[PDB]
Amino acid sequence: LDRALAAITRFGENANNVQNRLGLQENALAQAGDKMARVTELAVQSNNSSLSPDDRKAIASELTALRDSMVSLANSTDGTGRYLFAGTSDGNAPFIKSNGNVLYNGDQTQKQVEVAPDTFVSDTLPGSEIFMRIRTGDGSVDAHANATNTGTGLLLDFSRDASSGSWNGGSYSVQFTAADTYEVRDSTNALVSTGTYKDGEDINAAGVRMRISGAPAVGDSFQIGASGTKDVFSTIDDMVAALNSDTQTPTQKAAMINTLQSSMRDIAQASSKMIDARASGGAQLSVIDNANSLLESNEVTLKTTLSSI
């Protein structure tokens, strides 16, 4: 009897504890989702290349405030002051500022909480899985205008492309040998193909594709390869720093817009990760309800057994 009663007491406490934490997580991430939606909107506006330096600086200012509030939300606690987004190292704040970057000092472990016999409900997400471990580009491939380009070539978009072959995961460089001519080269600087450039026409090779507009100069290049991972705070920081740049020449404007288009892509990926994280938090709420109703059936059996004896 004593072992059975301890079990149900434990189930009741476990259910209440995980229910609280999951509720505070939904609140925190709802708030973070609103901020993330405003960051997304500002990223879209940042890609309006007609904005004044003054308009850009306003957007940069707001993005900085949003980034800071996101850090505070990432350090949310549960009302025993245990951190929500630190995994199992929930005693010290998991998101810490170092040299203009945000570091994650929590762990990767998501706790499973027994709410009924053999029936587990996940506790809150480790912060790494909301804020840090975010793929760039389109999630699969990423591409950038080279930082040293002297022309006005915009990288408008890119993707995997089943038409030019099955992409092997490798990196490639599209390099202009003339105003209207490019070469595509692999990791080893070896020639894969050449092509004629026309504004907005797809450049296709090696299982990947890109679209370029404007006027690339001879020697300008564009790199394309596997996506990396970048935390959302760095993505916002890099967008802010780009917006604050001077754009006196067509070349400088093109450099900023390339950087801002890339930031926006990476932001789109961070937005998708937040959607998913938020959604995951609701998925097991019916099991908590079921655990709670089973516990109500236990009240009825306890009360009748108590009355009998």
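Residue positions are given as counts along the sequence shown, with the first one as 1.
Asks: Is the mean CA B factor in the deposited entry higher across 203-211 or across 223-231?
Replies: In the deposited entry, the stretch with the higher C-alpha B-factor mean is 203-211.
Asks: With respect to the recorded C-alpha B factors, which stretch has the higher mean value, 235-243 or 178-186?
Replies: Result: 178-186.
Asks: Please work out which residue in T136, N168, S122, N105 has the highest C-alpha B-factor recorded for this crystal structure.
Replies: Checking the PDB record, the top C-alpha B-factor among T136, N168, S122, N105 is at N168.
Asks: Highest CA temperature factor in the entry: which of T77, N99, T194, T152?
Replies: Highest CA B-factor of the listed options: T194.
Asks: Lowest, middle or highest third: where is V141 by Cα B-factor in its chain?
Replies: For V141, the deposited C-alpha B-factor lands in the middle third.
Asks: What third of its chain, lowest, middle or highest, does the C-alpha temperature factor of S286 fall into?
Replies: Answer is middle: the recorded C-alpha B-factor places it there.
Asks: Relative to the other modelled residues in the chain, which third contains the C-alpha temperature factor of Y83: lowest, middle or highest?
Replies: Middle third by C-alpha B-factor.
Asks: How does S50 rank on Cα B-factor within its chain, lowest, middle or highest third?
Replies: Middle third.
Asks: Tell me, lowest, middle or highest third: where does the Cα B factor of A162 rank within its chain?
Replies: It falls in the top third of the chain.
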